[PDB]
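Undergrad: Below is final-v2.cif; it holds mmCIF, C-alpha atoms.
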data_data
#
loop_
_atom_site.label_atom_id
_atom_site.label_comp_id
_atom_site.auth_asym_id
_atom_site.auth_seq_id
_atom_site.Cartn_x
_atom_site.Cartn_y
_atom_site.Cartn_z
CA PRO A 131 0.00 0.00 0.00
CA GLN A 132 1.78 3.12 -1.29
CA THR A 133 0.78 6.78 -0.93
CA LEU A 134 1.34 8.54 -4.25
CA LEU A 135 0.22 12.00 -3.16
CA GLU A 136 -0.55 13.91 0.01
CA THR A 137 -0.76 17.63 -0.44
CA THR A 138 -2.98 20.64 -0.19
CA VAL A 139 -4.33 22.16 -3.38
CA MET A 140 -6.45 25.21 -4.15
CA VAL A 141 -9.94 24.24 -5.33
CA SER A 142 -12.99 25.98 -6.79
CA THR A 143 -15.80 24.71 -4.60
CA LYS A 144 -19.56 24.83 -4.81
CA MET A 145 -21.10 23.83 -1.49
CA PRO A 146 -24.70 24.94 -0.63
CA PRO A 147 -24.08 25.96 3.02
CA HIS A 148 -21.25 28.23 1.80
CA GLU A 149 -20.90 30.40 -1.31
CA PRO A 150 -19.04 29.35 -4.45
CA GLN A 151 -15.38 29.94 -3.47
CA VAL A 152 -11.77 28.92 -3.90
CA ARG A 153 -10.57 27.04 -0.83
CA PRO A 154 -7.48 24.99 -0.03
CA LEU A 155 -8.32 21.30 0.28
CA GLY A 156 -6.29 18.24 1.05
CA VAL A 157 -5.99 15.71 -1.73
CA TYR A 158 -4.67 12.31 -0.90
CA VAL A 159 -4.02 9.50 -3.38
CA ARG A 160 -3.04 6.09 -2.01
CA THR A 161 -2.86 2.91 -4.03
CA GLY A 162 -3.39 -0.38 -2.19
CA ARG A 163 -5.60 -3.44 -1.87
CA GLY A 164 -9.23 -3.70 -0.73
CA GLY A 165 -12.78 -4.41 -1.87
CA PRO A 166 -15.26 -7.04 -0.64
CA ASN A 167 -12.51 -9.61 0.12
CA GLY A 168 -9.40 -7.41 0.50
CA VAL A 169 -7.94 -8.96 -2.65
CA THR A 170 -8.96 -6.53 -5.42
CA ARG A 171 -6.44 -3.81 -6.33
CA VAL A 172 -7.63 -0.33 -5.39
CA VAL A 173 -6.88 3.34 -5.81
CA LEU A 174 -8.15 5.69 -3.11
CA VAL A 175 -8.69 9.38 -3.77
CA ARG A 176 -9.47 11.31 -0.62
CA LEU A 177 -10.50 14.92 -0.38
CA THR A 178 -10.27 16.67 2.94
CA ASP A 179 -10.50 20.19 4.40
CA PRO A 180 -7.79 21.54 6.72
CA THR A 181 -10.38 23.96 8.19
CA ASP A 182 -13.12 21.35 8.71
CA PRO A 183 -12.20 17.97 10.16
CA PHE A 184 -15.71 16.61 9.47
CA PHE A 185 -15.34 17.20 5.79
CA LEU A 186 -14.21 13.87 4.28
CA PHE A 187 -14.88 12.62 0.74
CA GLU A 188 -13.43 9.48 -0.83
CA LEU A 189 -13.51 7.39 -3.96
CA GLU A 190 -12.38 3.80 -3.66
CA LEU A 191 -11.77 2.88 -7.27
CA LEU A 192 -11.83 -0.92 -7.42
CA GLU A 193 -9.82 -2.41 -10.28
CA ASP A 194 -12.76 -4.63 -11.15
CA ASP A 195 -14.94 -1.60 -11.87
CA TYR A 196 -12.21 0.22 -13.79
CA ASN A 197 -13.16 -0.89 -17.30
CA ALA A 198 -16.57 0.80 -16.99
CA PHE A 199 -14.85 3.79 -15.39
CA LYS A 200 -12.19 4.00 -18.14
CA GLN A 201 -14.81 3.86 -20.89
CA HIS A 202 -17.18 6.40 -19.33
CA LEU A 203 -14.34 8.94 -19.05
CA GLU A 204 -12.74 7.80 -22.29
CA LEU A 205 -9.32 7.29 -20.73
CA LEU A 206 -6.52 5.49 -22.56
CA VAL A 207 -4.66 4.23 -19.48
CA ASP A 208 -4.25 1.06 -17.40
CA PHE A 209 -5.60 0.77 -13.92
CA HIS A 210 -1.88 0.65 -13.15
CA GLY A 211 -1.18 3.93 -14.98
CA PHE A 212 -4.32 5.85 -14.02
CA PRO A 213 -3.25 7.14 -10.62
CA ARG A 214 0.11 8.16 -12.06
CA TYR A 215 -1.91 10.21 -14.56
CA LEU A 216 -4.19 11.69 -11.92
CA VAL A 217 -1.43 12.45 -9.44
CA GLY A 218 0.80 14.08 -12.04
CA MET A 219 -2.06 16.41 -12.90
CA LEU A 220 -2.84 17.24 -9.29
CA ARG A 221 0.82 17.71 -8.40
CA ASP A 222 1.18 20.17 -11.29
CA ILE A 223 -1.81 22.11 -10.00
CA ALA A 224 -0.45 21.97 -6.42
CA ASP A 225 3.09 23.05 -7.41
CA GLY A 226 1.51 26.23 -8.94
CA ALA A 227 3.03 25.80 -12.41
CA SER A 228 -0.05 24.53 -14.28
CA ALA A 229 -2.84 25.64 -16.62
CA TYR A 230 -5.38 23.32 -14.97
CA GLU A 231 -7.81 24.02 -12.11
CA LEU A 232 -9.66 21.82 -9.67
CA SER A 233 -13.38 21.98 -9.16
CA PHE A 234 -15.25 20.27 -6.40
CA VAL A 235 -19.00 20.59 -6.57
CA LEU A 236 -21.51 19.04 -4.19
CA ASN A 237 -24.24 16.67 -5.45
CA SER A 244 -25.77 15.99 0.05
CA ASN A 245 -23.48 12.90 0.23
CA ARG A 246 -21.78 12.89 -3.17
CA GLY A 247 -19.52 15.43 -4.86
CA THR A 248 -17.62 15.58 -8.13
CA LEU A 249 -13.97 16.51 -8.44
CA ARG A 250 -12.88 17.76 -11.83
CA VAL A 251 -9.59 18.74 -13.37
CA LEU A 252 -10.37 21.50 -15.85
CA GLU A 253 -8.43 23.42 -18.46
CA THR A 254 -10.02 26.80 -19.12
CA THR A 255 -9.35 28.09 -22.63
CA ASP A 256 -10.72 31.34 -24.09
CA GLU A 257 -13.81 29.68 -25.56
CA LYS A 258 -14.38 26.52 -23.51
CA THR A 259 -13.90 24.97 -20.11
CA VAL A 260 -12.30 21.69 -21.18
CA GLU A 261 -12.62 18.73 -18.79
CA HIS A 262 -9.64 16.37 -18.33
CA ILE A 263 -11.04 14.22 -15.55
CA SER A 264 -14.10 13.87 -13.42
CA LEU A 265 -14.37 11.82 -10.24
CA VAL A 266 -17.32 11.21 -8.01
CA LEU A 267 -16.38 11.15 -4.35
CA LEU A 268 -18.71 9.89 -1.66
CA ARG A 269 -18.98 11.67 1.68
CA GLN A 270 -17.97 9.22 4.35
CA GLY A 271 -20.18 8.06 7.19
CA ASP A 272 -19.48 8.39 10.91
CA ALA A 273 -17.71 5.02 10.89
CA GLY A 274 -15.18 6.00 8.20
CA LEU A 275 -14.91 9.54 9.52
CA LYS A 276 -14.17 8.40 13.08
CA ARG A 277 -11.52 6.06 11.70
CA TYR A 278 -10.03 8.95 9.71
CA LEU A 279 -10.08 11.29 12.70
CA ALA A 280 -8.64 8.67 14.97
CA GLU A 281 -5.81 7.82 12.58
CA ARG A 282 -4.93 11.49 12.01
CA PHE A 283 -5.00 12.13 15.74
CA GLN A 284 -2.78 9.12 16.48
CA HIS A 285 -0.42 10.07 13.64
CA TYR A 286 0.07 13.68 14.68
CA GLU A 287 0.40 12.80 18.35
CA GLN A 288 3.01 10.22 17.39
CA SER A 289 4.74 12.80 15.22
CA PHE A 290 4.54 15.45 17.94
CA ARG A 291 6.20 13.04 20.38
CA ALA A 292 8.94 12.19 17.89
CA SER A 293 9.55 15.88 17.23
CA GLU A 294 10.07 16.58 20.96
CA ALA A 295 12.19 13.44 21.44
CA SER A 296 14.59 14.46 18.66
CA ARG A 297 14.47 18.11 19.83
CA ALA A 298 15.65 17.06 23.32
CA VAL A 299 18.37 14.97 21.66
CA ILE A 300 19.57 17.90 19.53
CA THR A 301 19.35 20.53 22.29
CA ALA A 302 21.55 18.21 24.40
CA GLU A 303 23.91 17.24 21.55
CA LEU A 304 24.63 20.91 20.78
CA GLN A 305 24.47 22.05 24.46
CA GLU A 306 27.36 19.60 25.04
CA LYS A 307 29.18 21.13 22.04
CA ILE A 308 28.56 24.56 23.66
CA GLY A 309 29.63 23.07 27.01
CA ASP A 310 32.94 21.75 25.56
CA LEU A 311 33.81 24.92 23.59
CA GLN A 312 33.25 26.85 26.88
CA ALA A 313 35.70 24.74 28.92
CA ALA A 314 38.39 24.94 26.18
CA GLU B 130 -13.44 31.59 31.66
CA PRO B 131 -13.34 27.91 30.62
CA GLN B 132 -10.30 26.67 32.57
CA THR B 133 -8.67 23.22 32.51
CA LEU B 134 -7.82 22.21 36.08
CA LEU B 135 -6.27 18.86 35.27
CA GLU B 136 -5.01 16.91 32.31
CA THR B 137 -2.93 13.90 33.18
CA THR B 138 -2.67 10.17 32.96
CA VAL B 139 -3.35 8.11 36.05
CA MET B 140 -3.24 4.42 36.87
CA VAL B 141 -6.72 2.95 37.34
CA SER B 142 -8.24 -0.35 38.50
CA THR B 143 -10.67 -1.15 35.71
CA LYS B 144 -13.47 -3.66 35.27
CA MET B 145 -14.55 -3.80 31.64
CA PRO B 146 -16.39 -6.89 30.28
CA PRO B 147 -14.53 -7.23 26.95
CA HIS B 148 -11.23 -7.20 28.91
CA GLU B 149 -10.23 -8.67 32.27
CA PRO B 150 -10.16 -6.78 35.56
CA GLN B 151 -6.84 -4.90 35.32
CA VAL B 152 -4.86 -1.82 36.25
CA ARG B 153 -4.46 0.42 33.18
CA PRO B 154 -3.31 3.95 32.61
CA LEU B 155 -6.18 6.26 31.70
CA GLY B 156 -6.42 9.91 30.90
CA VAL B 157 -8.34 12.03 33.35
CA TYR B 158 -9.30 15.51 32.33
CA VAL B 159 -11.08 18.06 34.48
CA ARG B 160 -12.21 21.31 32.89
CA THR B 161 -14.48 23.85 34.49
CA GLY B 162 -16.56 26.03 32.19
CA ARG B 163 -20.07 26.99 31.14
CA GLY B 164 -22.76 24.89 29.45
CA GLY B 165 -26.12 23.18 29.94
CA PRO B 166 -29.39 23.61 28.05
CA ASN B 167 -28.79 27.34 27.42
CA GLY B 168 -25.00 27.64 27.77
CA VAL B 169 -25.46 29.75 30.90
CA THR B 170 -25.25 27.22 33.74
CA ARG B 171 -21.81 26.74 35.34
CA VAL B 172 -20.35 23.31 34.68
CA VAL B 173 -17.64 20.88 35.63
CA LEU B 174 -16.52 18.35 33.07
CA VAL B 175 -14.78 15.15 34.08
CA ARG B 176 -13.49 13.20 31.15
CA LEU B 177 -11.95 9.78 31.17
CA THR B 178 -9.99 8.61 28.19
CA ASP B 179 -7.67 5.77 27.15
CA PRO B 180 -4.28 6.46 25.51
CA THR B 181 -4.44 3.01 23.90
CA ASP B 182 -8.01 3.35 22.58
CA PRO B 183 -9.14 6.59 20.90
CA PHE B 184 -12.75 5.38 20.80
CA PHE B 185 -12.88 5.05 24.57
CA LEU B 186 -14.43 8.29 25.86
CA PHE B 187 -16.46 8.78 29.06
CA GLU B 188 -17.66 12.09 30.46
CA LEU B 189 -19.67 13.60 33.25
CA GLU B 190 -21.01 17.10 32.71
CA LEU B 191 -21.86 18.18 36.24
CA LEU B 192 -24.29 21.09 35.94
CA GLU B 193 -24.30 23.52 38.85
CA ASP B 194 -28.12 23.48 38.92
CA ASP B 195 -28.14 19.71 39.69
CA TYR B 196 -25.21 19.98 42.21
CA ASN B 197 -27.24 20.30 45.40
CA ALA B 198 -28.79 16.86 44.81
CA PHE B 199 -25.33 15.60 43.84
CA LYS B 200 -23.71 17.10 46.96
CA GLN B 201 -26.32 15.54 49.23
CA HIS B 202 -26.25 12.09 47.64
CA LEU B 203 -22.47 11.92 48.12
CA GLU B 204 -22.62 13.85 51.41
CA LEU B 205 -20.03 16.38 50.35
CA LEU B 206 -19.40 19.55 52.34
CA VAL B 207 -18.13 21.67 49.46
CA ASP B 208 -19.37 24.40 47.11
CA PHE B 209 -19.84 23.76 43.47
CA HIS B 210 -16.96 26.22 43.29
CA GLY B 211 -14.79 24.11 45.58
CA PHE B 212 -15.77 20.66 44.37
CA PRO B 213 -13.44 20.36 41.40
CA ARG B 214 -10.57 21.69 43.48
CA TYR B 215 -11.35 18.81 45.85
CA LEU B 216 -11.61 16.24 43.08
CA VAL B 217 -8.53 17.43 41.22
CA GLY B 218 -6.40 17.58 44.34
CA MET B 219 -7.27 13.96 45.00
CA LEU B 220 -6.59 12.83 41.44
CA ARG B 221 -3.35 14.81 41.23
CA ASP B 222 -2.19 13.15 44.47
CA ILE B 223 -2.95 9.74 42.99
CA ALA B 224 -1.21 10.73 39.72
CA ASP B 225 1.81 12.16 41.61
CA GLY B 226 2.19 8.74 43.27
CA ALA B 227 2.29 10.37 46.72
CA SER B 228 -1.11 9.10 47.86
CA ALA B 229 -3.00 6.41 49.80
CA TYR B 230 -5.98 6.56 47.43
CA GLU B 231 -6.76 4.44 44.35
CA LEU B 232 -8.95 4.96 41.33
CA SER B 233 -11.53 2.49 40.23
CA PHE B 234 -13.41 2.60 37.00
CA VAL B 235 -16.05 -0.08 36.54
CA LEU B 236 -18.36 -0.49 33.57
CA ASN B 237 -21.80 -2.00 33.27
CA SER B 238 -22.95 -5.12 31.32
CA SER B 244 -22.51 -0.79 27.89
CA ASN B 245 -22.75 3.01 28.13
CA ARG B 246 -22.23 4.07 31.77
CA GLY B 247 -19.33 3.57 34.13
CA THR B 248 -18.51 4.66 37.66
CA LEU B 249 -15.26 6.29 38.69
CA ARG B 250 -14.38 6.05 42.35
CA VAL B 251 -11.63 7.40 44.51
CA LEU B 252 -11.07 4.82 47.24
CA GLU B 253 -9.00 4.64 50.40
CA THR B 254 -8.34 1.05 51.38
CA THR B 255 -7.83 0.60 55.12
CA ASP B 256 -7.32 -2.70 57.00
CA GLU B 257 -11.01 -3.17 57.73
CA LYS B 258 -12.86 -1.21 55.03
CA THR B 259 -12.64 0.11 51.49
CA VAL B 260 -13.60 3.71 52.22
CA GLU B 261 -15.11 5.62 49.33
CA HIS B 262 -14.20 9.29 49.03
CA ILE B 263 -16.02 9.98 45.77
CA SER B 264 -18.10 8.24 43.19
CA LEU B 265 -18.88 9.64 39.78
CA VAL B 266 -21.01 8.20 37.02
CA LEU B 267 -19.58 8.88 33.60
CA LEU B 268 -21.55 8.35 30.42
CA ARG B 269 -19.92 6.87 27.35
CA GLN B 270 -20.24 9.46 24.65
CA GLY B 271 -21.97 9.05 21.34
CA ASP B 272 -20.49 9.40 17.87
CA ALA B 273 -21.28 13.14 17.90
CA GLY B 274 -19.29 13.87 21.08
CA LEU B 275 -16.61 11.36 20.16
CA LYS B 276 -16.05 12.85 16.70
CA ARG B 277 -15.77 16.29 18.31
CA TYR B 278 -13.23 14.91 20.78
CA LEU B 279 -11.23 13.16 18.08
CA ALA B 280 -11.33 16.23 15.88
CA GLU B 281 -10.15 18.55 18.62
CA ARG B 282 -7.32 16.20 19.62
CA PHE B 283 -6.28 15.83 15.99
CA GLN B 284 -6.25 19.59 15.42
CA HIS B 285 -4.42 20.14 18.70
CA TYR B 286 -1.63 17.63 18.07
CA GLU B 287 -1.16 18.71 14.48
CA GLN B 288 -0.92 22.31 15.67
CA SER B 289 1.51 21.23 18.36
CA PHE B 290 3.55 19.13 15.93
CA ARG B 291 3.93 22.15 13.65
CA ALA B 292 4.95 24.39 16.55
CA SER B 293 7.47 21.80 17.75
CA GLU B 294 9.18 21.71 14.36
CA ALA B 295 9.09 25.50 13.98
CA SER B 296 10.81 26.05 17.32
CA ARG B 297 13.15 23.12 16.66
CA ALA B 298 14.41 24.71 13.44
CA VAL B 299 14.83 27.98 15.37
CA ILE B 300 16.86 26.31 18.13
CA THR B 301 19.01 24.13 15.82
CA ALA B 302 19.95 27.34 13.98
CA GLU B 303 20.34 29.51 17.12
CA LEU B 304 22.81 27.00 18.64
CA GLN B 305 24.49 26.04 15.35
CA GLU B 306 25.34 29.78 14.99
CA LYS B 307 26.67 29.65 18.59
CA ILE B 308 28.77 26.58 17.59
CA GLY B 309 29.75 28.40 14.39
CA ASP B 310 31.00 31.47 16.33
CA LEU B 311 32.73 29.90 19.39
CA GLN B 312 35.01 27.68 17.26
CA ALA B 313 36.47 30.57 15.19
CA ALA B 314 36.98 32.77 18.32
#
Please go through the file and, once you have read it, give me the structure as C-alpha cells.

TA:
Amino acid sequence: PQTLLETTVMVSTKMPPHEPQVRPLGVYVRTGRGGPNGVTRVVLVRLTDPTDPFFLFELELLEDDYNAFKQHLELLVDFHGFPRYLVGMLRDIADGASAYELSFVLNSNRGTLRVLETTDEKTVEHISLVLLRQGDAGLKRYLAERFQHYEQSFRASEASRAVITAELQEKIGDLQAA
Amino acid sequence: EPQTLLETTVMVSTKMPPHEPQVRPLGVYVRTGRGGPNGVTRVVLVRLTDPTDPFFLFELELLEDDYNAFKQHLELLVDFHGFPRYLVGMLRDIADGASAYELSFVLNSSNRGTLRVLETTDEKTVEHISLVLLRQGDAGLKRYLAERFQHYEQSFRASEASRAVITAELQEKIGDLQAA
C-alpha cells in the first residue's frame, strides 16, 4: 500500500451551506488493496478540508470496476497507470506551475472533483471523479488515525528536539571549557 | 473563563467486560466552564480517556443546577466552586504517586461507568467519591477526536518551527565559538 500524493491544493468549490469559493483542500491518493474480500487492487482518492475535520470525501476505485470507469471517461490508461496520470495532474496544480484548475461541486453525500483546463472559448474537462462523503464510521476512523499520527509525530519531534538541544548544548559546554 | 484544572494520565483499577479486571493507565481531564441547556449554567466536566483506545471516551457534565442533589447524595461539604478543586487535588495526588488513594473505573454489562476514589484501610474500602460517567456518542466522540487531531497537528507544527529555530540559534553559537 503506497501513498502517491498527500498535499494541499487550491480548489474551486460549490457547497450549498457556503458560497461558491476557492478554498485549499487536502488531496490524498493512495494505491493499495481492498474491496469485498481485500484482494482486489484499489486506488483511493481522498478529499479533505484543513479547516473542517468533518469534511471527508473518498472514492475507492476498485480495479474490477475500472473498465466501466475507463470507458465512461474515455481514458486510454491502465488501472496501473491511471493514478500516475491523476497524481501528475494534481501535483502540477499543487506546485503552482499549471494551466489546470480543480473543481469540487456538491451533489448531500456525493460530490464531483474535476480537473479542468479553461481556454478562451471553452472549459475543457480532463477528468471527473465522483467522491462519496464518508459516514461516521469512516470519519471516526479517519479522525482517529490522524489524531494518532500527529500525536506520534509530535512526540517524535520533541524526542529528537531534546536529543539535539543536548547534543549541541554539550558542544557549547565543551567549547566553553576549552 | 473555561479553565482546565487537570489533564494527566493516572493508573486505574478497571473492570470492563470485553477485557479482564486490570490496572491500566487512563487519561483524566477536568475542565471547568459553562454549558447546559442554554449555555449559561456553570459546569464541571470530568473526562476519562484511554491512551491506547481513541474510541474510549467517558464524560460527566456536572451542571451547577443539579449539584445540590449531587452534593447531598455523596454527602459532600463543598461548594460547586470548591468541588473540582477537591476532586482534582485527590486525582493529582494519585497521579503524583504520593497518595494512599486508588482509582476504580467499573463499567456495566454498555454506556455508563462509575469512577471512584477509594482509600483502602485494614477493615474497610472507604469511598471518598463516586462519579457516574456516560460513554459518549459518535457526535461527542467525533468532536473529541477532531479537537485532539487539530491540537496535536498544531503542536507538531509548533514543535518543528521552534526546533528549526533552536538548531539554527545554537548552530550559529557553535559556528562562532570555534572561530573565536

Undergrad: Considering all atoms listed in the file, state which residue in the set B:276, B:221, B:269, B:202 is at the smallest distance from chain A.

TA: B:276

Undergrad: Just want the 10 Å neighbourhood of residue B:305, counted on all atoms listed in the file, with same-chain residues fewer than 4 positions away dropped. Output as number ranges by chain.

TA: A: 304-305, 307-308; B: 299-301, 309-311

Undergrad: For the point (-25.9, 16.0, 31.2) in file coordinates, what residues are within 12 Å, counting all atoms listed in the file? Give the answer as a PyMOL selection string?

TA: chain B and resi 164-166+170+172-175+188-196+266-270

Undergrad: Generate a file of the selected residues that holds C-alpha atoms, formatted as a short mmCIF file (atom, residue, chain, number, x, y, z; two decimals), in the frame of the given file.

TA:
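Just written: out_24.cif:
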data_model
loop_
_atom_site.label_atom_id
_atom_site.label_comp_id
_atom_site.auth_asym_id
_atom_site.auth_seq_id
_atom_site.Cartn_x
_atom_site.Cartn_y
_atom_site.Cartn_z
CA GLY B 164 -22.76 24.89 29.45
CA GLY B 165 -26.12 23.18 29.94
CA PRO B 166 -29.39 23.61 28.05
CA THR B 170 -25.25 27.22 33.74
CA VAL B 172 -20.35 23.31 34.68
CA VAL B 173 -17.64 20.88 35.63
CA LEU B 174 -16.52 18.35 33.07
CA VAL B 175 -14.78 15.15 34.08
CA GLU B 188 -17.66 12.09 30.46
CA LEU B 189 -19.67 13.60 33.25
CA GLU B 190 -21.01 17.10 32.71
CA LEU B 191 -21.86 18.18 36.24
CA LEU B 192 -24.29 21.09 35.94
CA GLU B 193 -24.30 23.52 38.85
CA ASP B 194 -28.12 23.48 38.92
CA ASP B 195 -28.14 19.71 39.69
CA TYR B 196 -25.21 19.98 42.21
CA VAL B 266 -21.01 8.20 37.02
CA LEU B 267 -19.58 8.88 33.60
CA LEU B 268 -21.55 8.35 30.42
CA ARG B 269 -19.92 6.87 27.35
CA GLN B 270 -20.24 9.46 24.65
#

Undergrad: Select all residues from chain B having any atom no more than 9 Å from an atom of chain A (counting all atoms listed in the file, ignoring ligands), output as a ChimeraX atom specification.

TA: /B:183-184,272-273,275-277,279-291,293-294,297,300-301,304-305,307-308,311-312

Undergrad: Between atom CA of residue A:255 and atom CA of residue A:204, what is the distance in Å, rounded to a tenth?

TA: 20.6 Å

Undergrad: Looking at A:200, A:269, A:144, A:153, which one is nearest to residue A:212, with distances taken over all atoms listed in the file?

TA: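 With all atoms listed in the file as the atom set, the closest residue is A:200.
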
Undergrad: Any idea what the distance is between atom CA of residue A:162 and atom CA of residue A:143?

TA: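 Answer for the atom CA of residue A:162 to atom CA of residue A:143 separation: 28.1 Å.
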
Undergrad: Starting from the shown file, work through the PyMOL selection byres ((chain B and resi 144) around 9) and note down what comes out as a list in words.

TA: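 On this input, the PyMOL selection byres ((chain B and resi 144) around 9) captures residues 142, 143, 145, 146, 148, 149, 150, 151, 152, 233, 234, 235, 236 and 237 of chain B.
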
Undergrad: Find the distance between atom CA of residue B:162 and atom CA of residue B:137 and write it in Å to one decimal.

TA: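 Value for the atom CA of residue B:162-atom CA of residue B:137 distance: 18.3 Å.
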
Undergrad: Go through A:309, A:224, A:189, A:172 one by one, measure the shortest atom-to-atom distance of each to residue A:156 using only C-alpha atoms, and give the residue with the smallest value.

TA: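 Counting only C-alpha atoms, the residue closest to residue A:156 is A:224.
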
Undergrad: Taking the file as shown, find all residues satisfying the PyMOL selection byres ((chain B and resi 130) around 9) and write them as a PyMOL selection string.

TA: chain B and resi 131-132+161-163

Undergrad: With the file shown as input, list the residues that the PyMOL selection byres ((chain A and resi 260) around 12) selects, as JSON, numbers by chain.

TA: {"A": [229, 230, 231, 232, 250, 251, 252, 253, 254, 255, 256, 257, 258, 259, 261, 262, 263, 264]}

Undergrad: Please list as a JSON list (two decimals) with C-alpha atoms, keeping the file's coordinate frame every residue within 12 Å of residue A:211, counting all atoms listed in the file and excluding residues in the same chain fewer than 2 positions away.

TA:
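Output file around-v9.json follows:
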[["chain", "number", "residue", "atom", "x", "y", "z"],
["A", 134, "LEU", "CA", 1.34, 8.54, -4.25],
["A", 161, "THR", "CA", -2.86, 2.91, -4.03],
["A", 173, "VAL", "CA", -6.88, 3.34, -5.81],
["A", 193, "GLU", "CA", -9.82, -2.41, -10.28],
["A", 196, "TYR", "CA", -12.21, 0.22, -13.79],
["A", 200, "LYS", "CA", -12.19, 4.00, -18.14],
["A", 205, "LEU", "CA", -9.32, 7.29, -20.73],
["A", 206, "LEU", "CA", -6.52, 5.49, -22.56],
["A", 207, "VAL", "CA", -4.66, 4.23, -19.48],
["A", 208, "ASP", "CA", -4.25, 1.06, -17.40],
["A", 209, "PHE", "CA", -5.60, 0.77, -13.92],
["A", 213, "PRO", "CA", -3.25, 7.14, -10.62],
["A", 214, "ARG", "CA", 0.11, 8.16, -12.06],
["A", 215, "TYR", "CA", -1.91, 10.21, -14.56],
["A", 216, "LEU", "CA", -4.19, 11.69, -11.92],
["A", 217, "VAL", "CA", -1.43, 12.45, -9.44],
["A", 218, "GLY", "CA", 0.80, 14.08, -12.04]]

Undergrad: With distances taken over only C-alpha atoms, which of B:138, B:208, B:155, B:187 is nearest to residue B:274?

TA: B:187

Undergrad: Taking all atoms listed in the file into account, which of B:225, B:303, B:253, B:261 comes nearest residue B:203?

TA: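 Among the listed residues, the smallest separation from residue B:203 belongs to B:261.
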
Undergrad: Do you know which residues are at most 12 Å from residue B:255 counting all atoms listed in the file, after dropping those on the same chain fewer than 4 positions away, and could you put them as a list in words?

TA: residues 229, 230, 231, 259, 260 and 261 of chain B

Undergrad: For residue A:171, please output as a PyMOL selection string all residues within 12 Å (counting all atoms listed in the file; exclusion window: fewer than 4 positions along the same chain).

TA: chain A and resi 131-132+160-167+190-196+209-210
